[PDB]
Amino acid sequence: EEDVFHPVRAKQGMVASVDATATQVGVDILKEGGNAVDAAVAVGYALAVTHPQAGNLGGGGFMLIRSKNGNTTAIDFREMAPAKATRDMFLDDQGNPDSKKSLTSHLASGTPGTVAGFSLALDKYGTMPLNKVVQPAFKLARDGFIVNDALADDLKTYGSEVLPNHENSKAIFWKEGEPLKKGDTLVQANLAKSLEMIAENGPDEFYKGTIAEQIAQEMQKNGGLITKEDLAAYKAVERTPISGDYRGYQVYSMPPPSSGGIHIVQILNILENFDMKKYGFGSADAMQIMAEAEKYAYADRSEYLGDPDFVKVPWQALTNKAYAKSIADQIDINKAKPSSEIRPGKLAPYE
């Protein structure tokens, strides 16, 4: 009764996502007997259809899995730069980065890993076949769904900047010269065909089949770099999670190629040295301490983080409590330190 905000409650299973339709797809899978991984893959495919803003088959991401028995693991299905990519590929003739090239051109794309990631997880930790978890998404693509406020707003705002500039994109997301409006039905026949082939041929359809061919051609015809060799060489990777201990609670998150786990643990390590509970939420003291701690972590991020398969990341030093303590001792609760006075930390004494 003292609570202003109440959580949704359930006794058996639960799914939380950015889209109602996708969430319901996941719940149905659980009700059908699928485990968390089965449901997660189903939701992932469903969002690839109902949330084109971010849900996808053409991107990548990370998955954290923790079994009922405590086994915790991470699935890295981050995109890989094409084999033809070069260090200075985004610099103009003057040597200055061109944001247009890295955000809106065909050179902005990395080799997609979502399909590979979901299959690696499903095959090892799931219980259902790919065709069964892809079916819900397939139906949504084939039969369509109603455009809601979220999708309509995104199409009008972010979509207007890029979707109408490409013929194939415009044919799907635009209508009568304008972005699809709330209430309109969005049918994605081509995506439905892609989903249908993945369900029947497996992930190879994406990395070596018809889909791969379509991606390679899109690239070759428009100055892009992703080739069939790139797609055929892509692999999702299971890695050990980065973890820490905060006041007796264990925190597990993503390891490199993500900087998330390392810095969340680093910052918590720093905060552990202060009585946060005493200051309380929304207090200037609590915010001051955290803002300061965050500066050091982001400074370290700019120097030490990258793909672990190409560079050695000093994750042990970065998540070392003694190192965190040395940072905590520098924080003045009454005076912020300018970023110009903060540089990446010296990790030698902690490694």
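Note that residue numbering begins at 1 and tracks the sequence as displayed. If you superpose the two forms and keep the largest set of C-alpha atoms that fall within 1.5 Å, you have the rigid core.
Choosing between 89-97 and 130-138, the greater Cα displacement from the shown form in 8 other deposited structures of this protein, fitted by the core, goes with 89-97. Higher mean CA temperature factor between 270-278 and 217-225: 217-225, per the PDB entry. In this crystal structure, the stretch out of 45-53 and 25-33 whose C-alpha atoms carry the higher mean B factor is 25-33.
Per the deposited record, 101 carries the highest C-alpha B-factor of all listed residues (263, 78, 247, 101). Which of 297, 317, 39, 311 has the largest Cα B-factor in the deposited entry comes down to 311. Among the modelled residues of its chain, residue 162 has a C-alpha B-factor that falls in the middle third according to the deposited record.
Looking at the C-alpha B-factors along this chain, the one for residue 115 belongs to the lowest third. Annotation for residue 209: C-alpha temperature factor in the highest third relative to the rest of the modelled chain, per the entry. Split the chain's modelled residues into thirds by C-alpha temperature factor. Residue 255 is in the lowest one. Ranked by C-alpha B-factor against the other modelled residues of its chain, residue 69 falls in the highest third.
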